[PDB]
Structure formats: C-alpha cells, structure tokens
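We've got the same protein chain twice here, in two forms, each standing alone as structure tokens: structure 1 and structure 2.
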Structure 1
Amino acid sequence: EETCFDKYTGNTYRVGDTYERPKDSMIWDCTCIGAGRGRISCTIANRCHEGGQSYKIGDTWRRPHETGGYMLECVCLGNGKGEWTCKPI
C-alpha cells in the first residue's frame, strides 16, 4: 500500500518489488524501497555493459577476437565495476 513510481518505466510499484529500468543505455536493477518517500534504489553493480549489451555477473559468451580471428571466452565478473574479461580459448 506504500508504493513507488518510476518515471523511466512509467510504472507504479509496491515496496519490495524489483524490476529492470532502462536508463543511460544500460539496464538497471531497481528495488522499490518506499521508506516514507517512494524511494527507489537502482544499481548496475551486478551487471556488465559491453558492445551494446547488458550482462549479469556470471554470464559467459564466446566470440572471435576482432583482429586475430581466434575464439574468446568472455565472462562478466562484475566486482562492483562492470568488470568483464575475454580470454582466448
């Protein structure tokens, strides 16, 4: 019965609801907090954003090295800073 309103998604939420918010060419993980002020907390700290794509921590993908042509395995490590690595495999 306490709610939040998110102008980016245009939706109204209940305290405790979690949802994705597209903003600044990223996806954010948002939580409706409420706290007597319709507080929303949103974070990209559990994601990586690379190459026009949003990844979650733990995601892995493979792609050729753009110059070398050999295969890479990429991983979203996150670590509070969108840290990804791509390792030749």
Structure 2
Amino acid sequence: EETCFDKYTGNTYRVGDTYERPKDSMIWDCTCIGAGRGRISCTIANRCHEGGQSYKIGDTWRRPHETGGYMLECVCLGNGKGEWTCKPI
C-alpha cells in the first residue's frame, strides 16, 4: 500500500493521514496524498503564527501591548490566510 515519508517528522504515513510538521519556525498541517509519488501537501493557511507561537482556529491568547502597558486578547480566525484578530483588555 501507498505511503508518504516526512523527513521533518521522520515518520511514514498512509494516504489520507494528517499530521503536524515543524518547519521554518512554524507548524504546518500536512496531509499524505501519495498520488504514486509520496506526495505530501502542507499548509499554514489554517493556523495563526503570532508572536513566535502557533495557534489553531478558535484558539485565544494574550500578549502585551507594545507600549500601552496593558494586555491584548487575540483570537485565531484562519480565513484561509493565517489571519487573527486582537483587541485591548
């Protein structure tokens, strides 16, 4: 049966398996497609890489406002663009 090998995780996957890959300071959502050539598809469209962290859609977090001296609350939206929102709290 057909497999993919991911050199970043070091693991072997079956077609349709989904997993996380650490690459270029980000976490990618990957899927083993195979297609006769161990084809893997990886995306960061559905994650929010803010502040050096990696969040999933619906995650919320807090981060300091640069200069204001208060915190922000942020929410990961994704929208196919790795997009998030922040507001003062």
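FYI, numbering is relative to structure 1, first residue = 1. If you superpose the two forms and keep the largest set of C-alpha atoms that fall within 1.5 Å, you have the rigid core.
Here residue 72 counts as shifted, since its C-alpha moves by at least 2 Å between the two structures after the core is aligned. Once both forms are fitted on their core, a CA shift of 2 Å or more is seen for residue 62 between the two structures. Here residue 30 exhibits a Cα shift of 0.4 Å between the two structures, evaluated on the superposed rigid core. On core superposition, residue 83 has its C-alpha offset by 1.2 angstrom between the two structures.
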